[PDB]
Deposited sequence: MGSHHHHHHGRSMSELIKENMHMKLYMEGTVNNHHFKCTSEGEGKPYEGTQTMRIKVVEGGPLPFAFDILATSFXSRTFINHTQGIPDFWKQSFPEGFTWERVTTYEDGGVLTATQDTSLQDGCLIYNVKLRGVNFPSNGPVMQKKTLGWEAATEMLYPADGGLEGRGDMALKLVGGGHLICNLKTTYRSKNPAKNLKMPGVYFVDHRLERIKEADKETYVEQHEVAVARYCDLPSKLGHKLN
C-alpha cells in the first residue's frame, strides 16, 4: 500500500482574486492515518496579497483524513493514479471562489497543483479589507454522486471584533483511475479543524495545520 504512516507533500498554487494575480508554493508533511498535517506556505508572486489569506486556506489535502470505523478511504484508494477535486465556495456577501486541484504521487511525495479564481468580493468587505482571523471548525457532508463523491458544507470565517462571515462549499471529488473498482461509502461526514499556527511578512509566509476525521453519524435510527 502506497500511502505510508507518514507522508511529505509539495504544492504549487496559482490564482487571481478580484483581478489580483498571485502564486504560492508550499511544503509540508502529515500522518495520513492520524488525520493530521502541516503546511508551510510562501506567497512567491503578487505578494503581499491585498486580500485575506484565509480565503485560500481550504485550497491547500484529502489524503490526510483519518477514517474511523472502516469507512473506505476514497482518496487513499485512488493511488497510484491519484485524484482531483473542483469546488465553488460562495460567501454570503457575494464573493465567489472556484478552485481546482490535481493530486499526484511522484517518487513517494504527494504533489498538489491548484488553480483558483475569486470574483465579486466586496471592496469594503472583510476579505478585501483583510479583517479576518481564521476559520471555525466545520463539518462537511460527503456522498456518492456522478461516479465520484460530492462534499457540501458551510464554514464560518471569524471577523475581528467578533462576528463571522459564512460561506458554503460545494465540492466534486473524482478518482483518476475511473476503471478502478472502488468500495464506495454511503453518506458520511468529515470533521475538519483548520488552524493558522504562524505567519510572517504580511501573510506572505504562513504555517497552517489541519486535523480531519471521517465518521458516520453516531445517532440511533428508528428505521
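- Residues of the deposited sequence with no modelled C-alpha atom fall in the ranges 1-14, 75, 239-243.
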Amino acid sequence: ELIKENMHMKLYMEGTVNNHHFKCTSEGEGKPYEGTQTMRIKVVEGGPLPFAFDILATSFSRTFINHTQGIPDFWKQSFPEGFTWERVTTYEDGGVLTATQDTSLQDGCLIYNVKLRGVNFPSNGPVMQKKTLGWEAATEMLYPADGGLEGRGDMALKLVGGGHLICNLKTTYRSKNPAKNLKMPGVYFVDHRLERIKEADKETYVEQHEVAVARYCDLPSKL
From here on, numbers count along this sequence of modelled residues.
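- When the two stretches 148-156 and 76-84 are set side by side, the higher mean Cα temperature factor goes to 76-84.
- The question of which stretch, 91-99 or 127-135, has the higher mean Cα B factor is settled in favour of 127-135.
- Per the deposited record, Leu182 carries the highest C-alpha B-factor of all listed residues (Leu169, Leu182, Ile41, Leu56).
- Residue set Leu116, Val119, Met141, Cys109: peak C-alpha B-factor at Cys109 (per PDB entry).
- In the PDB entry, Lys202 places in the highest third of its chain by CA B-factor.
- Annotation for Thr25: CA B-factor lies in the highest third of the chain's modelled residues.
- The PDB entry assigns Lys176 a C-alpha temperature factor belonging to the highest third of its chain's modelled residues.
- When the modelled residues of the chain are ordered by their C-alpha B factor, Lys31 lands in the highest third.
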